[PDB]
């Protein structure tokens, strides 16, 4: 009935069904590799998403806190991490229309901003 708010996440979700993750700090522009043991964050996150997590396009602060590069076999996806549990999600080579999600209701374990701080402090 309506133009989907979850277009890119559904595609990623089908693809995440072997990934590598790269984290980029947007303040320092330092990069880290997510350990094998922690990589399950994406699957756990996607499985926990309800439809009400997907929101409309919003104006954005000048830059994310963090950038998550999800490297699948052929495809690459990007998740931008902002404040207040807001994130965007899109294929690496096409950001004309990003998915927008609020993550306030998802389980605490799968919140992405505290996840990113944790990978770096490790």
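Numbering follows the first chain given and starts at 1.
Worksheet item: None, 1 to 3, 4 to 9, or 10 or more: how many residues of the deposited sequence lack coordinates between residue 17 and residue 18?
Response: Per the deposited record, the segment joining residue 17 and residue 18 lacks coordinates for 1 to 3 residues.
Item to complete: Check the entry's C-alpha temperature factors for 66-74 and 91-99, then say which stretch has the higher mean.
Response: Per the PDB record, 66-74.
Worksheet item: Got a sec? Mean C-alpha B-factor, which is higher, 33-41 or 54-62?
Response: That would be 54-62.
Item to complete: Can you pull the Cα B-factors for 49, 86, 79, 28 from the entry and say which is highest?
Response: Each of 49, 86, 79, 28 was compared by C-alpha B-factor; the highest is 28.
Worksheet item: Taking the C-alpha B-factors as the PDB entry records them, is residue 109 in the lowest, middle or highest third of its chain?
Response: CA B-factor rank for residue 109: lowest third.
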